[PDB]
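Taking it in order: structure first as structure tokens, then the write-up.
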Amino acid sequence: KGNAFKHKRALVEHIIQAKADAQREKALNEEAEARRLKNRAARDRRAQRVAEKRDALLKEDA
Amino acid sequence: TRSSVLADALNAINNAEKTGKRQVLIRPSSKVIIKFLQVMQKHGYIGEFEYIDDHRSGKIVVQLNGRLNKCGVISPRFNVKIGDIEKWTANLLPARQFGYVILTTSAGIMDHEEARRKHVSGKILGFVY
Amino acid sequence: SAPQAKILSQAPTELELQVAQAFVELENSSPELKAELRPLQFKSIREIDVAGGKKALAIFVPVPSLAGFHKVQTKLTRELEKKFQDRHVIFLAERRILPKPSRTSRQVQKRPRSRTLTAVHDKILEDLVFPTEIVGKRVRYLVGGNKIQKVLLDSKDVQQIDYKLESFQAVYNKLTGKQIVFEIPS
Amino acid sequence: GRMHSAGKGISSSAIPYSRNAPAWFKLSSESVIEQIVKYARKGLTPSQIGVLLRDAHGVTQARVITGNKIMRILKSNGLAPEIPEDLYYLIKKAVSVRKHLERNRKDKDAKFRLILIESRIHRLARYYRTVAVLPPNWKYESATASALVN
Amino acid sequence: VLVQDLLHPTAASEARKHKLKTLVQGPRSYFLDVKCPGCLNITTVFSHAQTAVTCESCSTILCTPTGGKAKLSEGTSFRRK
RNA sequence: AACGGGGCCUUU
Ligand SMILES: [Mg+2]
Ligand SMILES: [Mg+2]
Ligand SMILES: [Mg+2]
Ligand SMILES: [Mg+2]
Ligand SMILES: [Mg+2]
Ligand SMILES: [Zn+2]
Numbered sequence: 128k129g130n131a132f133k134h135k136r137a138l139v140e141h142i143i144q145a146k147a148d149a150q151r152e153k154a155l156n157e158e159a160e161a162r163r164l165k166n167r168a169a170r171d172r173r174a175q176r177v178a179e180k181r182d183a184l185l186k187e188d189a
Numbered sequence: 002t003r004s005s006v007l008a009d010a011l012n013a014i015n016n017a018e019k020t021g022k023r024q025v026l027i028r029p030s031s032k033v034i035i036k037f038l039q040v041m042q043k044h045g046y047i048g049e050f051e052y053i054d055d056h057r058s059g060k061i062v063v064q065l066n067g068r069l070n071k072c073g074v075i076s077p078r079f080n081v082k083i084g085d086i087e088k089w090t091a092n093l094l095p096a097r098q099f100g101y102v103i104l105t106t107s108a109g110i111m112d113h114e115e116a117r118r119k120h121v122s123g124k125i126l127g128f129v130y
Numbered sequence: 002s003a004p005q006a007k008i009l010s011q012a013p014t015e016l017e018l019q020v021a022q023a024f025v026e027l028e029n030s031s032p033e034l035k036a037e038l039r040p041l042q043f044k045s046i047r048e049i050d051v052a053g054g055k056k057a058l059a060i061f062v063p064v065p066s067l068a069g070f071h072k073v074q075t076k077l078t079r080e081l082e083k084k085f086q087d088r089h090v091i092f093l094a095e096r097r098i099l100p101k102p103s104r105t106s107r108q109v110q111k112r113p114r115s116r117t118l119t120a121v122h123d124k125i126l127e128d129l130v131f132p133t134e135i136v137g138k139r140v141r142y143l144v145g146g147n148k149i150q151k152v153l154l155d156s157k158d159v160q161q162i163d164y165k166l167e168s169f170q171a172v173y174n175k176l177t178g179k180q181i182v183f184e185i186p187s
Numbered sequence: 002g003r004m005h006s007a008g009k010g011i012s013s014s015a016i017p018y019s020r021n022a023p024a025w026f027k028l029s030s031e032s033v034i035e036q037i038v039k040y041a042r043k044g045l046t047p048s049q050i051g052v053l054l055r056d057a058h059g060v061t062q063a064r065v066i067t068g069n070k071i072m073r074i075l076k077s078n079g080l081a082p083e084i085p086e087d088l089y090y091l092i093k094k095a096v097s098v099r100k101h102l103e104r105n106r107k108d109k110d111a112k113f114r115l116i117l118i119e120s121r122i123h124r125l126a127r128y129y130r131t132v133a134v135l136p137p138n139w140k141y142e143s144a145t146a147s148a149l150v151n
Numbered sequence: 002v003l004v005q006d007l008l009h010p011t012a013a014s015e016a017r018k019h020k021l022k023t024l025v026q027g028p029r030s031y032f033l034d035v036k037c038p039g040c041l042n043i044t045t046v047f048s049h050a051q052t053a054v055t056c057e058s059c060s061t062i063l064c065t066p067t068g069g070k071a072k073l074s075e076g077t078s079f080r081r082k
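Here you go:
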């Protein structure tokens, strides 16, 4: 109603392209949201590498 | 806002020693203050200075021996050709005999004569006499 | 598992090992002086001449372990200094120093401020004194141009270093080539 | 001196000379952070977190004894807010100065004071945009701002 | 007042000066250690208290905040370190 | 001996 779209085609070609936008950034906040729990895990698996042999070496040296 | 930090220093130096005081409190402390203060003290125009450590940029205390007419600064720090040091030195120095135009070369801080022997040059900084 | 040659690392040497076997004797007394002293080990050791009637003993450390080396420290240096006399015991840090890049040193990997030369030297004079947190500092620029960094030590419980000031002064000279003087509040 | 007023006043906080300690503390830094996020998950601004920590819990500074600084702590724990409290309180104020201005449009001082607060907001946001903490679009706007508080 | 010692000034004049005006700016604030009227548990309270600090359980009032050092309440103890 | 130019070592 603000005369945004010349004809019916330019309205769908905008709608289509619009969905192709927010679903292009839904997949960026999927893939770039995945490496965050990769490095809250792979980085906190290294917290049980360094802390489970220090737990042991306090006990394992008697 | 405080924009030179060096000129704020050489003023306080120049001020008190022209009012008769022997000692001056400088702040903050640039490493460029220090290198200037060096060439000053080593050429006699000032005494010995002691850096002070804050957890800030730090202060200085300079002992004044008298005998210093003016320490000063050229802002902006011009680019200076080599042949154009002669036309600076003739300008602000009291006589061709003594006095020091102190530049900043790529070799680092020095006076105009020390520059002349090395055959270097750079931006201008200040003066001492 | 060999207790005697594990605790160090390169191969050698007869003095570095001698100081190691001294920890071993301190590793058996009481239950808690063993397993707590157990994990704390050290890298190599230097011995440099002090102008007094003694010498300085520098114990380098991998520096995660200054966390626990500090927890004992004075406990050891009220002991290891009885073990070895005519010698002064210090606990240092082997922390690396990355130089200042221009051209002959090139192409990135940054330079965090710890690992910086000047910032590192200020952490050696923090670890030469280890107790007695410094309450202030300053630096004299000479009339010959040279420097004396005047380290202003605390007062409360300074007696542990109250003598070795030469040995701290001699350490920083055999490292940095520039000098030191200490002092107190009057 | 002052940016938007006449005063030159220097009233401030003067931090001691120590890079470690005080000795009397003995409070085990990991216990401190828990108390920080105990307050933060309860939604207290890092400015006012160190207000209670320094007072009630006897922390000279979070800078030392935690190794890290409060909002730079909250950030590492994922409690980092949307906009910094710098802008936030600036907006939080300007909004109320406009709401009060909607009832009084012959109150010209607030109209003039509005321009001061708003200019600060845009200058802060430009900085925050420059150093990337804010999305390069952003751009605080009047009638969408009462959402940034509520 | 012509030549003097800036490096080694007296603490008689330096301690009546301004917090920022000492040769190295010092904090003029301290830290108490406090109890209740009836309780042994020791609170660590800052000399100038903007918050009104509680001693934990039984919700007490240790100090009411002021434009300056907190105004403590009636009676309780303090130790300056 | 005043000064100038070119390289080593010092955690580079
Ligand atoms: Mg369209
Ligand atoms: Mg001012
Ligand atoms: Mg103005
Ligand atoms: Mg203005
Ligand atoms: Mg400040
Ligand atoms: Zn209570």
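Protein chains in written order, with PDB author numbering: chain m9, 128 to 189; chain d2, 2 to 130; chain s7, 2 to 187; chain c3, 2 to 151; chain d7, 2 to 82.
Every residue gets a Cβ at the ideal spot worked out from N, C-alpha and C, and that includes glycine.
Start-to-end residues for the beta strand (DSSP E) that takes in residue i
| i | result |
| --- | --- |
| residue 76 (chain d7) | First-last for residue 76 (chain d7): undefined, no H or E at that position. |
| residue 24 (chain d2) | 24-27 |
| residue 57 (chain d7) | No beta strand (DSSP E) contains residue 57 (chain d7), which DSSP labels as neither H nor E. |
| residue 59 (chain s7) | 56-60 |
Any chain d2 beta carbon closer than 9 Å to residue i
| i | result |
| --- | --- |
| residue 142 (chain s7) | yes |
| residue 139 (chain s7) | yes |
| residue 24 (chain d7) | yes |
| residue 124 (chain s7) | no |
| residue 72 (chain s7) | no |
| residue 101 (chain s7) | no |
Residue i versus the options, residue with shortest Cα-Cα distance
| i | options | result |
| --- | --- | --- |
| residue 131 (chain s7) | 113 (chain s7), 141 (chain s7), 145 (chain s7) and 69 (chain s7) | 69 (chain s7) |
| residue 40 (chain s7) | 179 (chain s7), 173 (chain s7), 63 (chain s7) and 49 (chain s7) | 63 (chain s7) |
| residue 1 (chain c3) | 15 (chain c3), 76 (chain c3), 18 (chain c3) and 94 (chain c3) | This structure does not reach residue 1 (chain c3), given that chain c3 is present from 2 up to 151, and the question cannot be answered. |
| residue 99 (chain d2) | 113 (chain d2), 109 (chain d2), 65 (chain d2) and 107 (chain d2) | 113 (chain d2) |
| residue 30 (chain d7) | 74 (chain d7), 10 (chain d7) and 19 (chain d7) | 19 (chain d7) |
| residue 34 (chain d7) | 47 (chain d7), 12 (chain d7) and 67 (chain d7) | 47 (chain d7) |
| residue 136 (chain s7) | 11 (chain d7), 25 (chain d7), 36 (chain d7) and 6 (chain d7) | 25 (chain d7) |
| residue 91 (chain c3) | 143 (chain c3), 65 (chain c3) and 17 (chain c3) | 143 (chain c3) |
| residue 133 (chain s7) | 75 (chain s7), 65 (chain s7) and 55 (chain s7) | 75 (chain s7) |
| residue 17 (chain c3) | 76 (chain d7), 7 (chain d7), 2 (chain d7) and 23 (chain d7) | 23 (chain d7) |
| residue 98 (chain s7) | 108 (chain s7), 170 (chain s7), 120 (chain s7) and 80 (chain s7) | 120 (chain s7) |
CB contact below 9 Å: residue i versus chain c3
| i | result |
| --- | --- |
| residue 10 (chain d7) | no |
| residue 54 (chain d7) | yes |
| residue 95 (chain s7) | no |
| residue 184 (chain s7) | no |
| residue 80 (chain s7) | no |
| residue 50 (chain d7) | yes |
| residue 32 (chain d7) | yes |
| residue 17 (chain d7) | no |
Range covered by the alpha helix (DSSP H) that runs through residue i
| i | result |
| --- | --- |
| residue 51 (chain c3) | 47-57 |
| residue 129 (chain c3) | 109-131 |
| residue 178 (chain c3) | Shown here, chain c3 extends from 2 to 151; a query on residue 178 (chain c3) therefore has no answer. |
| residue 17 (chain s7) | 15-27 |
| residue 148 (chain c3) | 143-150 |
| residue 87 (chain c3) | 86-104 |
| residue 71 (chain c3) | 71-77 |
Amino acids of chain d2, ordered along the chain, whose beta-carbon sits closer than 7 Å to that of residue i
| i | result |
| --- | --- |
| residue 146 (chain s7) | 39 and 43 |
C-beta neighbour in chain m9 for residue i, strict 9 Å
| i | result |
| --- | --- |
| residue 63 (chain s7) | no |
Contact set between residue i and chain c3, taken where Cβ atoms lie within less than 8 Å
| i | result |
| --- | --- |
| residue 47 (chain d7) | 55, 56 and 59 |
Contact set between residue i and chain s7, taken where Cβ atoms lie within less than 8 Å
| i | result |
| --- | --- |
| residue 22 (chain c3) | 134 |
| residue 185 (chain m9) | 36, 39 and 40 |
| residue 54 (chain d2) | 137, 138, 139 and 140 |
Test: residue i CB closer than 9 Å to a CB of chain s7
| i | result |
| --- | --- |
| residue 32 (chain c3) | no |
| residue 19 (chain c3) | yes |
| residue 181 (chain m9) | yes |
| residue 49 (chain d2) | yes |
Partners in chain d7 for residue i, counting only beta-carbon separations shorter than 9 Å
| i | result |
| --- | --- |
| residue 23 (chain d2) | 3, 4 and 5 |
Beta-carbon neighbours of residue i, restricted to chain s7 and to distances below 7 Å
| i | result |
| --- | --- |
| residue 188 (chain m9) | 36 and 39 |
| residue 114 (chain d2) | Those within 7 Å of residue 114 (chain d2) in chain s7 number zero; the least Cβ separation is about 18 Å. |
Below-9 Å beta-carbon distance, residue i vs any chain d7 residue
| i | result |
| --- | --- |
| residue 129 (chain d2) | no |
| residue 15 (chain c3) | yes |
> Which residue spans inside the stretch 74-109 of chain d2 form an unbroken beta strand (DSSP E) run of at least 3?
Replying inline: For secondary structure counted as the beta strand (DSSP E) over 3 or more consecutive residues, the stretch 74-109 of chain d2 holds these complete runs in sequence order: 101-106.
>> At 3 residues or longer, what runs of the beta strand (DSSP E) sit wholly inside the stretch 77-162 of chain s7?
In response: 88-92, 137-142 and 148-153, all fully within the stretch 77-162 of chain s7.
> Can you give, in chain order, each stretch of the alpha helix (DSSP H) that sits fully within the stretch 148-175 of chain m9 and has at least 4 residues?
Replying inline: Those alpha helix (DSSP H) runs which fall completely within the stretch 148-175 of chain m9 and span 4+ residues are 155-165 and 169-172.
> Fully enclosed by the stretch 14-72 of chain d2, which alpha helix (DSSP H) runs are 4 residues long or longer?
Replying inline: Runs of alpha helix (DSSP H) with 4 or more residues, each lying fully within the stretch 14-72 of chain d2, are found at 32-43, listed in chain order.
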